[PDB]
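Engineer: compute the structure for the input listed below.
(chains A, B, C, D and E)
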Amino acid sequence: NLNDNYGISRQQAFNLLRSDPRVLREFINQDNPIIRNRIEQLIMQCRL
Amino acid sequence: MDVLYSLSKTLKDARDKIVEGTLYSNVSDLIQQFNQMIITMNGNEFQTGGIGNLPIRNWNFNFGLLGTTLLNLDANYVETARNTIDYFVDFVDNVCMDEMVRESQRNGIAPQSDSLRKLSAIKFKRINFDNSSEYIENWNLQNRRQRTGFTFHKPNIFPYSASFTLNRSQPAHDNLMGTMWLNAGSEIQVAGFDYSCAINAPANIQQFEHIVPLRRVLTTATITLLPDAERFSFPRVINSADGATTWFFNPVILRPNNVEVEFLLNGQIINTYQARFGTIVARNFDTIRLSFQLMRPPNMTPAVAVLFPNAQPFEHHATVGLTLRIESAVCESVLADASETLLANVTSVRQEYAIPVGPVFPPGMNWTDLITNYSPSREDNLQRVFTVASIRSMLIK
Amino acid sequence: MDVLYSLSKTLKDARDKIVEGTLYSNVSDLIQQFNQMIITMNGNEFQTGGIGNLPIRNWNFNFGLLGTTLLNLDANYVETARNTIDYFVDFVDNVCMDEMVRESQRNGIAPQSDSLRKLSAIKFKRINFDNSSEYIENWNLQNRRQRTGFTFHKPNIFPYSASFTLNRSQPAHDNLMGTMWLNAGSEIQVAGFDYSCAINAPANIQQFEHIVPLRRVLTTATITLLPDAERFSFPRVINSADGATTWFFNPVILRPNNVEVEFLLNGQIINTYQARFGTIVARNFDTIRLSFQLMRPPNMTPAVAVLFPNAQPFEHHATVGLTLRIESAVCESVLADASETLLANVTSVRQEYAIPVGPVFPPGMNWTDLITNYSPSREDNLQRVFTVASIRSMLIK
Amino acid sequence: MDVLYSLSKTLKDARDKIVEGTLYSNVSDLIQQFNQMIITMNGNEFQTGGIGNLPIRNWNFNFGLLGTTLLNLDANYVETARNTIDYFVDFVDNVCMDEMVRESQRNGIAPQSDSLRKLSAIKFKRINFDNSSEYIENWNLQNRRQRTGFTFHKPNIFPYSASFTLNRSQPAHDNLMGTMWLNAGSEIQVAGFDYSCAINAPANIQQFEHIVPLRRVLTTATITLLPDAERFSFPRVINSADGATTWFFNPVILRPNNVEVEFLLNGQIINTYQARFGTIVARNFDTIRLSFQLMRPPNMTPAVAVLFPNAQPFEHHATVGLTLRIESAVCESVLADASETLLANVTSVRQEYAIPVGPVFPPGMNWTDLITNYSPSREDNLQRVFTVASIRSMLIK
Amino acid sequence: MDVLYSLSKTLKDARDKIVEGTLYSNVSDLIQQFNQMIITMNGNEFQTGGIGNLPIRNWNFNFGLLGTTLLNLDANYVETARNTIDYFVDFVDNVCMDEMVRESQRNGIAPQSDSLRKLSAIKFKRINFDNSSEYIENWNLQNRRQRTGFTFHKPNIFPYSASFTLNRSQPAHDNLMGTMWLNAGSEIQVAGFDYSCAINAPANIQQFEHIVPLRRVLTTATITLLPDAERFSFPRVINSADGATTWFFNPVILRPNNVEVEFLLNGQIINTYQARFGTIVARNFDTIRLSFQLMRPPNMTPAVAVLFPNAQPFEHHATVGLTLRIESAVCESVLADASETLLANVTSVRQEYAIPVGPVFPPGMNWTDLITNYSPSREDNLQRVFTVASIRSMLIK
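Structural biologist: Numbers count the residues shown, from 1 in each chain, chains lettered A, B, ... in the order given. What follows is the structure:
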């Protein structure tokens, strides 16, 4: 989804594949709904 | 841009007409125009690609002169013709795709790919075929500023917006009086619902008033109106405003009474419909208003009293809905539809080579996010890319 | 008439074929067409408009022959021509308009506005190119008393009709049994309902037979049939047989049985389908009879046995439901269709200038009340105005 | 095959162009083409009929030619023309009826009627007037082993099926959990139902993944994805897998959350959309996978908390629903559609003259039976029938 | 249209350049154009007046050509020109005005005067000296489909609306929380206030939001931002919402913290500024959001601790605010600045000639209503009137 509809550069990509905080945080700061939705998915899947 | 439609129709006519055996004069004119296209295009470099991950190709033109001296067609002529038109269609589609993923904020109808920027030089304006189809027709026209028009079946005009509003509220959510609606695609389904069935309101009739504003002035639309909430007719469990409470709505349906639809334009009322059902025609509008009354029955037989207790504890709620579908129309701006294939090609060609999003277009060409904030620059950029999509659409379907 | 479409096509080809750079050979026939036309026009003076509040217009044909040009004509000729072209399109638009609002109980397949009758004079016979669109061709064929043809995507042929028949009815209304049908747009939704679920009918079977007649005869239709009605399957409060009280309806929907669909024409069984769902084909018909059977459940599970006791008190009633959608069809007569806006264009040009509508059309171009009172004379009038509207579309979007 | 389209397009040109009033230079080359055709026809003989009620017809060719001296057209011209045109349209229609009702176990790329068999002969190839139509162009460029396309609106490509999957079943059918689906036309309605409402399931979550395979390669799918399951939101008496029992189903809808969709191509992720509604596009896929979660509201309201108790008994059963509608697509194999009549015409012409069910087509032109068990051989034969049906559609109406 | 600007500038150049003594070479272009003009303008008559209070005036052209063989100018030559100059400038004025008054509901970018209607013909196209002023240039650009540009000094783009908003209200106003804001001329002043100074609130912080959308997007704005509300800084007595009584205001100013100003484009952040005041810049924005938090101070000298008693009764009120001023800007449309007499002149002449109200211009030229529902047709007619008023401006004084 990300590469298709948001055209991240190769640098941002190889950061992602590492799960690199820089790109994840900067993307949330740009508010891509996709990334926030994934993190919300993770949060909700925590059902104590 | 016109040169692109020229080359497109050139290649399309070469693909369909000229095959061995026919009469020459039946194709001779076409052959002459094709040969002139060749003569004038040979001897110029064209550099496609150079952004994103899309391949960066070069193009050189030195194709010879196809013979006009023949009278009946041989297999070798069409052999060469096919061998060459393959090259040409590949060229045209690559330059199209390249122009696709480009944009700007100033002059949103301007050339943007280097191939086209070179090509719109006047020394290629001596090969142009016609303007036969619809999209390039409108492009040329709006360039000359007469009236515009595109024919749409099911014009997906509104965004998706599932919203509701409350007129009489309760903290326990047990005396609701308000409205719900779902507006998306081409369809609008808006319903007004009540719990007390006007047991406190004057004259036993409850009024509802609802608005839907559009963002472009459509034209000459047929609209079907049907008396029901075709998507609000089942028990529901819905969040409240801040999403801290969930409320229960169990419907029963009546007729909508004194149904008053008004197509308004420019702060003025334009056209009316009262108690007319089924299919209607509207000339020119940008806003729809639906004012409808929900009536209490005057007499009730044994079955009904359980449905409506005169006291405050209620179980079943009354509701009346309207279904509104704009069947077909013609737009003075550009829109998508359900019967063409422009949006799909735009999105696909943007999706493939991982083009970094531009500063103007919205992400993923999300149509609804576009429509919610239709702005003229984005509009003209749409029109541009849609003409280019049509161009591509005649060459490799 | 023929004059109208001939000139409209020549003006369309003018607006769309005169662009700078084409060979002088691709246009020679076109400019000679135009020259013949104008030569005929030199001498004609016309007065039009004035029924309703339509403006009065006087038209003077005074321009000289178009400019003869070199190998590839240039923009000077383009501008000089398109000026007179603007004037000509203005003329023809007002022409179609002045023709659009006139009606007569007598003849009127032929022209009725005297301007077109001047066009009907032999002096305008030389001005004629051809016919390429369907409607003019069916015009000429009806001028030849032969068969016609019209392909509709979802034709609109049904009269707005929401009505029900009563078989087992009580002045108190809690032991009902019968059949309720909604005819609307290009849809039919029938539903056979019972309250006792056929406890007293032999074989635990209850029969239903329903018949829809149409006002005009269709041909070679494709029709989708889905086995659950999608409009009547939810609770309702319904008016009385006298229009003075209300009863309740709680539905439960089952798969139907003995679904038997017949396409009939004058008492002859032309087509019959047994329990076939999906899209079907019908060769030729004008009426549809649906027969089906509501069968009491042979065996039932614990939850179900609460749905049909052998007693009188009932809180859920059974119903079979059937929906029928004519996806595409072919008609010999002229019908308002979905995709095109011909009905819409007609009604818009009728209303926009507050024209008091004729003595035989309905008030305000209400279409379903029209087809309810659809006559052969009205058929022919609608035919002619649809013709002239399709002409109007050709030059002004 | 091309020869027949050439003939019939020329016949169309005759029907359309030679009508009193034309300058001869506008038809000159058409006249030469028509005379060349008639010459090529003088010198052969044809036989038709020989299966079903289709009668044998013996066709000769000994005709006269049309004059080329005229400068403006007179009536006797088109009279003597229609004289021959009657014979030629009869011949082409008879050819169509003959071939449409033939088959071949494999290699259906060729016609099997003596007519076309001899008609594709060398001495006939001179008449290749053009390939103006779309399907003929597809057929041609197919002969050259090339990639094609066809643009259809709301095609019927999904295999029809009305069945349901249970994942937690008890014989008494008072505690059930599973998935329901309906796939017909261009509609997929899919729902998931839980009786425990995920009060016992891990993490208060239920998962449903549903796999709909498409039997033929699609391209450029515009779809509408909407949060309802309309046909799956009302009580039902459904047969179980027992084939001897019947169970109850009373639904209520919660919001289908984490709705995720995957359009796959031969088993690779192609398009993947997540929490997005309205219009949507997929580029190139062959199967659809819908994954969605069902969630119990952690917050409630009394009227809500009554229906979903902490106990095992249950009267309301939770259900989530999704609607998928494929509006228009581009396909690479011939398909049945919602905007043309080829399937209908071929089924009609087969049934008409009592064609015994051959060894290739499934019985009765049941489209669903055909599509669910698609085969290359059958798509070849259907390609044949559809191209020639389009052929037939041009002349006879 | 173009011809009117041409003539006006022509006469302006005459007035400013044709003066005694000069070299005829200095005025060569001018007299050349002037003789071309008189060549075009003889042999015809023009009419004005009648609408509003403008008297019908007829205008002719019989002046003879003007000398060219001179060496240096004499006042004789000057008045020989001037006696004609007067007539022509007055006719320009009158045509300007008789156009100015006109308005219509449809097709307003074009002119509406039979004078200009006759001007549109080919016979007048010879006349053009120059097109180098700004407004005619933007005109010709919105004719040539290029990105238009209108520069402005201090534009009156914000509509007038001075209203307040509450988040918490007491019927006696002994406990409040809300905002006030006045947006006038070209500046906005917002101020959020609380009586408790956010003592009960969480973490001693009270948020405030306020948004402003614009009806026309702007470009390359250089905005100025001063943190205060000088307009809301003094004790006021203000009228309640229902309209029976008033309430008090005695605020005391703090400085706002975490002041965020967000210039968003179509729901996309383009400029964001925190922790900063003074002059800042916005490249492409149309939606302004001002969000600011009031922080109860950390620690206060006793005279302050007297101000915000932690107990319930409040004896002073807290407030923090912003002011946003637009100095220079660039837009796509026509606007009202504080340095052009276009808006002034048009309103003044409409008044002086006392034209009744028409359905486009709201009554009394109240710029509030004008800019309130700014929309296409209004925009076009406004561009027209501004253009023609600028045409007038250089000469009228």
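
Engineer: check contacts around the nearest residue to residue B:49 once chain neighbours are set aside.
Structural biologist: Of all residues not flanking residue B:49 in the chain, residue B:56 sits nearest, at 3.0 Å (C-beta to C-beta, 6 or more residues apart in numbering or on different chains). Quick note: C-beta positions are derived from backbone N, CA and C, even for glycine. Neighbour list for residue B:56: B:47, B:48, B:49, B:50 [criterion: C-beta atoms under 8 Å, 6 or more residues apart in numbering or on different chains].

Engineer: residue B:56 - that's part of a strand, no?
Structural biologist: No. With DSSP: H, G, I helix; E, B strand; the rest coil as the criterion, residue B:56 is located in coil rather than a strand.

Engineer: hmm, back to that, which one (most neighbours) among the contacts of residue B:56?
Structural biologist: residue B:48 (20 neighbours; other C-beta atoms under 10 Å in any protein chain shown).

Engineer: so who does it touch?
Structural biologist: Here residue B:48 is in contact with B:56, B:57, B:58, B:59, B:94, B:95, B:98, B:113, B:115 (C-beta under 8 Å, 6+ apart).

Engineer: quick check: the farthest pair among the residues you listed?
Structural biologist: B:58 and B:113 (14.0 Å; C-beta to C-beta).

Engineer: ok, the two, which is more surrounded?
Structural biologist: residue B:113 (23 against 9).

Engineer: that one is in contact with residue B:99, isn't it?
Structural biologist: Yes. Using C-beta atoms under 8 Å, residue B:113 and residue B:99 qualify as a contacting pair, with a distance of 4.1 Å.

Engineer: now for the longest helix along chain A, which elements pack on it?
Structural biologist: The helix spanning the most residues in chain A, taking DSSP state H as the definition, is helix A:33-45. For helix A:33-45, the packing partners by 3 or more C-beta pairs under 8 Å, 6 or more residues apart in numbering or on different chains; DSSP states H and E come out as helix A:2-6, helix A:21-29.

Engineer: for chain C, which of those is the nearest?
Structural biologist: Chain C sits nearest to helix A:2-6 of all the helices and strands packed on helix A:33-45, at 32.8 Å, using C-beta to the nearest C-beta.

Engineer: the next helix or strand after that closest one close to chain D?
Structural biologist: On the C-terminal side of helix A:2-6, the closest following helix or strand by DSSP states H and E is helix A:10-17. No. Helix A:10-17 does not reach chain D (C-beta under 8 Å from any C-beta of the partner chain); its nearest approach is 15.7 Å.

Engineer: so how far is helix A:10-17 from its chain's centroid?
Structural biologist: Relative to the centre of its chain, helix A:10-17 is centred 11 Å away, using C-alpha atoms, centre = their mean, to the nearest Å.

Engineer: ditto for stretch B:225-234
Structural biologist: The answer for stretch B:225-234 is 25 Å, by C-alpha atoms, centre = their mean.

Engineer: using CSV, write out the CA atom coordinates for that stretch.
Structural biologist: Below are the C-alpha coordinates for stretch B:225-234, written out as CSV (Å, rounded to 0.1, in the frame of the first residue of the first chain):
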residue,chain,number,x,y,z
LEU,B,225,-36.7,9.3,-6.6
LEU,B,226,-38.1,6.4,-4.6
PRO,B,227,-40.0,6.5,-1.3
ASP,B,228,-38.0,4.4,1.1
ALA,B,229,-34.7,4.3,3.1
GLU,B,230,-33.4,1.4,1.0
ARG,B,231,-30.3,1.3,3.3
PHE,B,232,-31.7,2.3,6.6
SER,B,233,-34.3,-0.4,7.1
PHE,B,234,-32.9,-2.8,9.7
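
Engineer: buried stuff in stretch B:23-38?
Structural biologist: By 16 or more other C-beta atoms under 10 Å in any protein chain shown, the buried positions in stretch B:23-38 come out as B:23, B:26, B:27, B:30, B:31, B:33, B:34, B:35, B:36, B:37, B:38.

Engineer: return the distance of the last one relative to chain A.
Structural biologist: Spelled out, it's residue B:38. 37 Å (C-beta to the nearest C-beta, to the nearest Å).

Engineer: now that residue: which helix or strand?
Structural biologist: If you go by DSSP H and E, residue B:38 is part of helix B:25-41.

Engineer: that helix to helix D:28-41, inter-axis angle?
Structural biologist: 130 degrees (axes from the mean of the first three to the mean of the last three C-alpha atoms, to 10 degrees).

Engineer: tell me the gap between the following helix or strand past helix B:25-41 and the middle of its chain.
Structural biologist: With elements assigned by DSSP H and E, the helix or strand that comes after helix B:25-41 is strand B:46-47. Computed by C-alpha atoms, centre = their mean, the chain-centroid distance of strand B:46-47 equals 33 Å.
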